[PDB]
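Asks: Residue numbers (the UniProt record's numbering), protein chains in the order written: chain A, 188 to 240; chain B, 30 to 59, 64 to 176, 187 to 396, 408 to 502; chain C, 136 to 176, 187; chain D, 511 to 544, 565 to 661; chain E, 509 to 544, 565 to 661; chain F, 511 to 544, 565 to 661.
Have a look at this one.
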Ligand SMILES: *[C@@H]1O[C@H](CO)[C@@H](O[C@@H]2O[C@H](CO)[C@@H](O[C@@H]3O[C@H](CO)[C@@H](O)[C@H](O[C@H]4O[C@H](CO)[C@@H](O)[C@H](O)[C@@H]4O[C@H]4O[C@H](CO)[C@@H](O)[C@H](O)[C@@H]4O)[C@@H]3O)[C@H](O)[C@H]2NC(C)=O)[C@H](O)[C@H]1NC(C)=O
Ligand SMILES: *[C@@H]1O[C@H](CO)[C@@H](O[C@@H]2O[C@H](CO)[C@@H](O)[C@H](O)[C@H]2NC(C)=O)[C@H](O)[C@H]1NC(C)=O
Ligand SMILES: *[C@@H]1O[C@H](CO)[C@@H](O[C@@H]2O[C@H](CO)[C@@H](O)[C@H](O)[C@H]2NC(C)=O)[C@H](O)[C@H]1NC(C)=O
Ligand SMILES: *[C@@H]1O[C@H](CO)[C@@H](O[C@@H]2O[C@H](CO)[C@@H](O)[C@H](O)[C@H]2NC(C)=O)[C@H](O)[C@H]1NC(C)=O
Ligand SMILES: *[C@@H]1O[C@H](CO)[C@@H](O[C@@H]2O[C@H](CO)[C@@H](O)[C@H](O)[C@H]2NC(C)=O)[C@H](O)[C@H]1NC(C)=O
Ligand SMILES: *[C@@H]1O[C@H](CO)[C@@H](O[C@@H]2O[C@H](CO)[C@@H](O)[C@H](O)[C@H]2NC(C)=O)[C@H](O)[C@H]1NC(C)=O
Ligand SMILES: *[C@@H]1O[C@H](CO)[C@@H](O[C@@H]2O[C@H](CO)[C@@H](O)[C@H](O)[C@H]2NC(C)=O)[C@H](O)[C@H]1NC(C)=O
Ligand SMILES: *[C@@H]1O[C@H](CO)[C@@H](O[C@@H]2O[C@H](CO)[C@@H](O)[C@H](O)[C@H]2NC(C)=O)[C@H](O)[C@H]1NC(C)=O
Ligand SMILES: *[C@@H]1O[C@H](CO)[C@@H](O[C@@H]2O[C@H](CO)[C@@H](O)[C@H](O)[C@H]2NC(C)=O)[C@H](O)[C@H]1NC(C)=O
Ligand SMILES: *[C@@H]1O[C@H](CO)[C@@H](O[C@@H]2O[C@H](CO)[C@@H](O)[C@H](O)[C@H]2NC(C)=O)[C@H](O)[C@H]1NC(C)=O
Ligand SMILES: *[C@@H]1O[C@H](CO)[C@@H](O[C@@H]2O[C@H](CO)[C@@H](O)[C@H](O)[C@H]2NC(C)=O)[C@H](O)[C@H]1NC(C)=O
Ligand SMILES: *[C@@H]1O[C@H](CO)[C@@H](O[C@@H]2O[C@H](CO)[C@@H](O)[C@H](O)[C@H]2NC(C)=O)[C@H](O)[C@H]1NC(C)=O
Ligand SMILES: *[C@@H]1O[C@H](CO)[C@@H](O[C@@H]2O[C@H](CO)[C@@H](O)[C@H](O)[C@H]2NC(C)=O)[C@H](O)[C@H]1NC(C)=O
Ligand SMILES: *[C@@H]1O[C@H](CO)[C@@H](O[C@@H]2O[C@H](CO)[C@@H](O)[C@H](O)[C@H]2NC(C)=O)[C@H](O)[C@H]1NC(C)=O
Ligand SMILES: *[C@@H]1O[C@H](CO)[C@@H](O[C@@H]2O[C@H](CO)[C@@H](O)[C@H](O)[C@H]2NC(C)=O)[C@H](O)[C@H]1NC(C)=O
Ligand SMILES: *[C@@H]1O[C@H](CO)[C@@H](O[C@@H]2O[C@H](CO)[C@@H](O)[C@H](O)[C@H]2NC(C)=O)[C@H](O)[C@H]1NC(C)=O
Ligand SMILES: *[C@@H]1O[C@H](CO)[C@@H](O)[C@H](O)[C@H]1NC(C)=O
Ligand SMILES: *[C@@H]1O[C@H](CO)[C@@H](O)[C@H](O)[C@H]1NC(C)=O
Ligand SMILES: *[C@@H]1O[C@H](CO)[C@@H](O)[C@H](O)[C@H]1NC(C)=O
Ligand SMILES: *[C@@H]1O[C@H](CO)[C@@H](O)[C@H](O)[C@H]1NC(C)=O
Ligand SMILES: *[C@@H]1O[C@H](CO)[C@@H](O)[C@H](O)[C@H]1NC(C)=O
Ligand SMILES: *[C@@H]1O[C@H](CO)[C@@H](O)[C@H](O)[C@H]1NC(C)=O
Ligand SMILES: *[C@@H]1O[C@H](CO)[C@@H](O)[C@H](O)[C@H]1NC(C)=O
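Written as structure tokens, this is what we have:
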């Protein structure tokens, strides 16, 4: 019963640092001065077309 | 009435010689490249060039900082491209090499070695007995017989990524806002002295970073006549740069039908070894038409007699000596690095009063670019036959110090510094720094 | 030729070390101060 | 009349100071817009351009010439700086030639301009106090 | 400009309002055009450089037009009817700045050059006038 | 002054506000001039200098004091901010001492200046539209 790691013929895996946490922390994407982010407040927006609000 | 006052003018057309960090621009029409082009700003499809009437500017082709900056940028791009590629540390192992004698011509006898060695497998506890074909220039006998790679006592070669192309792509060196690039439009400019016809541009023309030693390939041609440019023509220790008005076509090929072997030397790491050549083995060579070469050499001699007397005998001899990188016309023919023996090109004597020239070339795979030590690169073999056609745009000649009433001048090819390749292109450009603020006397006085 | 105050300070250490070739090893020796080496447990 | 053959960046660099003074906006408008190895050079170039433009603008501002192409000052011209006539400066000289002349005296002129502007501001403040 | 009886003033607040109404809220937009190794640090540096560049791009244009330090600046450049033939009421009461930008976009560069030339001419004329004292 | 022993950056930091007000240009002219992480850190420092200068200039502009070293305003002085006499401010204390005193009331004054400039701009616009 001879085995090998799945990745041995594609790449060498980098062990994740145990201290580092994978928990998703919220990220707010901010635009620089002179740029603005427009938010579509329409409650029935389907992702495309004009946004009245 | 006679009292003058200081008046401040903003935007006056004044400039000063300056050195800045020029950035690159590339044509949109132009998968990855050594000279990273996806990171270059797209060029303006309709470049703007302003003719500076009445302006006479002093250019210095030899103290131009756009050349050293280009050299540094080229080296940095080379290193960046090589950073993610495979490091051939395991390849430094004893090789049991035997001659290749299967359908070899007499000229290519002993030039290729058939080497077998133990190489690391994807598993750290298993080894594979593989074999590869190595050029004699790449292997050194340890002392059928035991060999080792040339670089094994200097550094570990970094294999060039097979998907990264070495083909030179034009690079436009743009200047930051507040700086300008002045172009010398004079057609008889000799690199130094005032240029009576000057225009300002924001980016230079597409300059291909072609790397060659003795012959300038794929460069820009002179508009009227062959131009001989040297920092000090009298001095024999300073190289002479020759620019042809018409190109000389050179056909270079590696006839061998090479086969590429992918040897997996580790997890996700592959060593691309030469397999077996399908067919006969014949030398690599370059062809230049005898008639065209003789015409260009005659033009070069005619233009050289201007600086070296009207009756002095001009004779061309081959390179004096040194390593293969300076005594041969080195270039890169689409992945493969050639080293051609330009002894038939420079062999003649010119008095005051159909066929082809075949240059026998040698190929190498361990390349020490930029004359650096401890940093070698392994060029993977290119499958199939190789053939490229280029134009000999210029030459880099050197003169011998013949004293004792020497009525003859001997010029021989010389490469070495790669800056001279860039200098042949960035000779009409200089960076200046704009000074929009000016003060002059006027009868005007401020109102209180 | 050591003084009584330098007894045991310097250790004459012999070991196998890698060569320029991945498949060849060389037996070399070096002098290491006692503050640099730790006994594993002549 | 307004019949320029063509106006371009530094196009008047060879013209006389008087003629080149009618194309100030041509140069003034190209002073702001004419990681990978190429990615850092571009950022440095952008920052450098901004710095140079702001240096020039600050020098203009502390002289009282803010937002002006041709600004007149209260600093009398010293014959030591240049003894040439007005006619032979604005009709027989280019700004490039002039710059190479008033270069050993540029800092003196800048200091005089700053001092004069400060004195003007103080005097204006004093006068407004009376009102 | 001082918002007497304004429901609320905010950045781009009068984006859907008419040009006449939106012209009284310029201060609202003007004051927000400058204020508002790791992967994030590089992005923040690039954002700061972009903000400075964009602010100075408009500030330079204002400076070379003689409108430095002004939100509404009258000029000496007559309005060419070819650029837009709409009545004054048809512009300042039945149109928004967003709509206007889409109409005179083709003629923006022509106007800018005219403004620069007019400012240069004004500066030269002022110099000549002051030289007579 | 008209004749000064020496003018240097922050040289008048110890002089009274009246005397230190004649050397504003000295400080104003030094507020702007002075691959790896070192390059990035240098770039951050230079960008920070540019941003601070631009913020100061914008603050001056929104108060109507664009391109002026000394600018008079329409905002009256509230004695709550400071009850000191005019002579005892401009001839008996330094700018550093003054700043420490009105530090609390600085933002109030800035807001008042901005709103006053807004009122002045409205008055200008209304008068212009009247004609
Ligand atoms: C001076 O300039 C001239 C022309 O400007 C140069 O001559 C050109 O040289 C280039 C490169 O040598 C050459 O382009 C190659 O042409 C080959 C024949 O058409 C192509 O087969 C080759 O494509 C392969 O290599 C590319 C390298 O990036 C790969 O991107 C490409 O995908 C191809 O590789 C794939 O396909 C092959 C074959 O199927 C396969 O074996 C591979 O494994 C891979 O899957 C290049 O396109 C031009 O054709 C030449 N032009 C002319 C007119 O001759 C000359 O080199 C310059 N001189 C100097 C010194 O720089
Ligand atoms: C790495 O190894 C895995 C497993 O040996 C390969 O995956 C198999 O590839 C074969 C190719 O013929 C297929 O028939 C199997 O169905 C695959 N199985 C699984 C579980 O993937 C993989 O292709 C190898 N990768 C490389 C690059 O060699
Ligand atoms: C280089 O040498 C290898 C052997 O080391 C040759 O490959 C062998 O050739 C023989 C005879 O043709 C075969 O029987 C073997 O099966 C081949 N493989 C091995 C692993 O031995 C190879 O042909 C030689 N190449 C050249 C150009 O001479
Ligand atoms: C095999 O390769 C060796 C190593 O390159 C060469 O041996 C030389 O052969 C030439 C011709 O006689 C002579 O210079 C010497 O006898 C050998 N020694 C060298 C070059 O140092 C040759 O290419 C081949 N020789 C044989 C016997 O196969
Ligand atoms: C590659 O490895 C093989 C075996 O690992 C080597 O063959 C050994 O050579 C030594 C030389 O004295 C012998 O003592 C062993 O008995 C051999 N072992 C075998 C054949 O299994 C070989 O020398 C190595 N080098 C190569 C192939 O170039
Ligand atoms: C690496 O090895 C090569 C070849 O063995 C060395 O090159 C030789 O160096 C000696 C120095 O004693 C010279 O006498 C020879 O003429 C050289 N021959 C060739 C073909 O280069 C090289 O010096 C070695 N490099 C290092 C750093 O040890
Ligand atoms: C160009 O090179 C020549 C020769 O090297 C220089 O002339 C030499 O100048 C040195 C300096 O005094 C003298 O010692 C030599 O005797 C001169 N030789 C000849 C043949 O004239 C010349 O100065 C160089 N030109 C420049 C501009 O540096
Ligand atoms: C370079 O020139 C040589 C000589 O003309 C070419 O070699 C000839 O090739 C033809 C076929 O194309 C043969 O019929 C001749 O016998 C060859 N002559 C010799 C002396 O070998 C060669 O093909 C040319 N190569 C390039 C790349 O131009
Ligand atoms: C170099 O050799 C390869 C391998 O034989 C040749 O590629 C083959 O060419 C034949 C010609 O009809 C095709 O049928 C095969 O499909 C090709 N691929 C193989 C065999 O894998 C190639 O043509 C040769 N190039 C030359 C001689 O210039
Ligand atoms: C270099 O190669 C080119 C082709 O790549 C040669 O040009 C061909 O020359 C032959 C022989 O006269 C003509 O029949 C062809 O029509 C030519 N084709 C093209 C596209 O030019 C050229 O002659 C070669 N030059 C040298 C010096 O070898
Ligand atoms: C340059 O050309 C000469 C003659 O055409 C070649 O011949 C050698 O010249 C050297 C003198 O530098 C002599 O020491 C040798 O005895 C000559 N013969 C040989 C076989 O080398 C010379 O090799 C050529 N050199 C280069 C670098 O091309
Ligand atoms: C470059 O080529 C020339 C000839 O084309 C070589 O000179 C010949 O060298 C061989 C031995 O290498 C001698 O037998 C000939 O007598 C030489 N002929 C002439 C005319 O010199 C020269 O050696 C080559 N350069 C190298 C190999 O570096
Ligand atoms: C350099 O040029 C000379 C003169 O043309 C060549 O010498 C002649 O070469 C031909 C070609 O085989 C011979 O038939 C003559 O006998 C040679 N005459 C001599 C040596 O006096 C010489 O071969 C050339 N060297 C190169 C091309 O390396
Ligand atoms: C090398 O020289 C040839 C010949 O001068 C150049 O080919 C010319 O290319 C231009 C534009 O591509 C055409 O308008 C000409 O008609 C071509 N000339 C001929 C004779 O066909 C070629 O562009 C030059 N550069 C390279 C890289 O080969
Ligand atoms: C040889 O070196 C060892 C290591 O320092 C010493 O031997 C003893 O080591 C222990 C552990 O540090 C000490 O407590 C003893 O004092 C050391 N001496 C003796 C006599 O045990 C000592 O320097 C040398 N001992 C020899 C040569 O026997
Ligand atoms: C270095 O390596 C050698 C050989 O690999 C070691 O010597 C061997 O040691 C083992 C037991 O450790 C013995 O069974 C062998 O007979 C020894 N062989 C030889 C040739 O000595 C040695 O112990 C290693 N360490 C050092 C410091 O040399
Ligand atoms: C280049 O031309 C200048 C004159 O413009 C001359 O002084 C100089 O010597 C020339 N350099 C050469 C021929 O190498
Ligand atoms: C080139 O021209 C020279 C001078 O006429 C001549 O000596 C030489 O033989 C020519 N080259 C040839 C014919 O290959
Ligand atoms: C050199 O010879 C050429 C031959 O055309 C001639 O035009 C030129 O004047 C001569 N130069 C001299 C003699 O200095
Ligand atoms: C300017 O100063 C330099 C250095 O002191 C001197 O060489 C030059 O002659 C001076 N020129 C003028 C015009 O003052
Ligand atoms: C603006 O120019 C474009 C391109 O010529 C044209 O298609 C468009 O209709 C023009 N719009 C106006 C309002 O002139
Ligand atoms: C001054 O400010 C205080 C609050 O600190 C306020 O109560 C008072 O009314 C203000 N007086 C004037 C004249 O502004
Ligand atoms: C400013 O406020 C602090 C408390 O926030 C107070 O301690 C200090 O005395 C005040 N300074 C004055 C009123 O000058």
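Just so you know, even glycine gets a beta-carbon here, dropped at the ideal spot from N, CA and C.
Which of the three DSSP states, helix, strand or coil, is assigned to residue 99(B)?
Replies: Within the second chain, residue 99(B) is the residue found at index 66, counting from 1. Residue 99(B) falls in the helix class under three-state DSSP.
Asks: Report yes if the CB atom of residue 317(B) is closer than 7 Å to the CB atom of residue 166(B), and no otherwise.
Replies: Locating residue 317(B) in the second chain gives position 274, where the first residue counts as 1. Locating residue 166(B) in the second chain gives position 133, where the first residue counts as 1. Yes, these two residues count as a Cβ contact at 7 Å.
Asks: How many Å lie between residue 402(B) and residue 115(B) at the Cα?
Replies: No atoms of residue 402(B) appear, because in chain B residue 396 is followed directly by 408.
Asks: Could you name the residues, in chain order, whose CB is less than 7 Å away from a heavy atom belonging to ligand 20?
Replies: Here the residues come out as 631(D), 633(D), 634(D).
Asks: Anything in chain B within Cβ reach of residue 158(C), meaning under 7 Å, just list it in chain order.
Replies: Residue numbering aside, residue 158(C) sits at position 23 when the third chain is read from its first letter. Within 7 Å Cβ-Cβ: 126, 127, 151.
Asks: Just to check my reading of the structure: residue 533(F) and residue 624(F) have Cβ atoms closer than 8 Å, yes? What is that Cβ distance to the nearest angstrom?
Replies: Sequence index remark: in the sixth chain, residue 533(F) carries index 23 (1-based). Sequence index remark: in the sixth chain, residue 624(F) carries index 94 (1-based). Their Cβ separation, rounded to whole angstroms, is 12 Å, which puts residue 533(F) and residue 624(F) out of contact at 8 Å.
Asks: Starting from residue 517(E), trace the alpha helix (DSSP H) both ways and give me its first and last residue.
Replies: Taking the first residue of the fifth chain as position 1, residue 517(E) is located at position 9. Run containing residue 517(E): none; DSSP gives neither H nor E here.
Asks: Determine, using beta carbons only, whether residue 310(B) comes closer than 7 Å to chain A.
Replies: Translated into positions along the second chain, residue 310(B) becomes position 267. Output row for residue 310(B): interface = yes.
Asks: So, with DSSP's three-state summary, where would you put residue 191(A)?
Replies: By one-based count along the first chain, residue 191(A) stands at place 4. Residue 191(A) falls in the coil class under three-state DSSP.
Asks: Could you check if residue 212(A) is buried or exposed, using at least 16 other CB atoms within 10 Å of its CB as the buried criterion?
Replies: The residue given as residue 212(A) occupies position 25 in the first chain. Classification of residue 212(A): exposed, given that the 10 Å Cβ count is below 16.
Asks: So is residue 68(B) buried or exposed if we call it buried at 16+ other beta carbons inside 10 Å?
Replies: Taking the first residue of the second chain as position 1, residue 68(B) is located at position 35. Residue 68(B) should be labelled buried.
Asks: At which residues does the beta strand (DSSP E) containing residue 236(B) begin and terminate?
Replies: Position 193 of the second chain, counted from the start, is the residue given in the question as residue 236(B). Taken as a continuous stretch (DSSP letters only), the beta strand (DSSP E) holding residue 236(B) covers 235 to 238.
Asks: Does DSSP classify residue 629(F) as helix, strand or coil?
Replies: If you number the sixth chain from 1, residue 629(F) lands on position 99. Three-state DSSP puts residue 629(F) in a helix.
Asks: Does any CB atom of chain E fall closer than 7 Å to the CB of residue 221(A)?
Replies: Within the first chain, residue 221(A) is the residue found at index 34, counting from 1. Yes, residue 221(A) counts as interfacial toward chain E.
Asks: Return helix, strand or coil for residue 46(B), following the three-state DSSP convention.
Replies: Taking the first residue of the second chain as 1, we reach residue 46(B) at position 17. The answer is strand: DSSP assigns residue 46(B) an E or B state.
Asks: Please give me, in chain order, every unbroken run of the beta strand (DSSP E) with length at least 3 that falls completely inside the region 208 to 293 of chain B.
Replies: 215 to 217, 222 to 227, 235 to 238, 241 to 244, 258 to 260, 270 to 273, all fully within the region 208 to 293 of chain B.
Asks: Could you check what DSSP says for residue 489(B) in three-state terms: helix, strand or coil?
Replies: Position 435 of the second chain, counting from 1, holds the residue named residue 489(B). Note: residue 489(B) maps to coil in three-state DSSP.
Asks: Does the distance from the CB of residue 243(B) to the CB of residue 218(B) come in under 7 Å?
Replies: Against the second chain, residue 243(B) aligns to sequence position 200. Against the second chain, residue 218(B) aligns to sequence position 175. No, the pair does not count as a contact, with Cβ atoms beyond the cut-off.
Asks: In the DSSP assignment, what are the bridge partners of residue 596(D)?
Replies: Taking the fourth chain and counting its residues from 1, the one referred to as residue 596(D) is at position 66. Residue 596(D) is not bridged to any residue.
Asks: Can we count residue 386(B) as close to ligand 13, meaning its CB is less than 6 Å from some heavy atom?
Replies: For the purposes of this step, residue 386(B) is identified with residue 343 of the second chain, where counting begins at 1. Yes, the beta carbon of residue 386(B) sits closer than 6 Å to at least one heavy atom of ligand 13.
Asks: Apart from the five residues just before and just after residue 473(B), which ones in its own chain have a Cβ nearer than 6 Å to its Cβ?
Replies: As a position in the second chain, residue 473(B) is number 419, starting the count at 1. Within the same chain, residue 473(B) has close Cβ partners 100, 104.
Asks: Residue 84(B) by DSSP, collapsed to three states: which one?
Replies: Indexing the second chain from 1 puts residue 84(B) at position 51. Residue 84(B) falls in the strand class under three-state DSSP.
Asks: Could you give the residue range of the alpha helix (DSSP H) that holds residue 660(D)?
Replies: As a first step, residue 660(D) must be located in the fourth chain, where it is residue number 130. It spans 636 to 660 - the alpha helix (DSSP H) in which residue 660(D) sits, taken as one unbroken run.
Asks: Whose C-alpha, out of 423(B), 107(B), 382(B), is nearest the C-alpha of residue 414(B)?
Replies: As a working mapping, residue 414(B) is identified with position 360 in the second chain. With distances taken between Cα atoms, residue 414(B) lies closest to 382(B).
Asks: Is it buried or exposed for residue 611(E), if we count other Cβ within 10 angstroms and need 16 for buried?
Replies: By 1-based counting over the fifth chain, the position of residue 611(E) is 83. Looking at its Cβ environment, which holds fewer than 16 other Cβ atoms inside 10 Å, residue 611(E) is exposed.
Asks: Given a cut-off of 7 Å on the beta-carbon distance, is the pair residue 250(B) and residue 479(B) in contact?
Replies: Sequence index remark: in the second chain, residue 250(B) carries index 207 (1-based). Sequence index remark: in the second chain, residue 479(B) carries index 425 (1-based). Closer than 7 Å, so yes.
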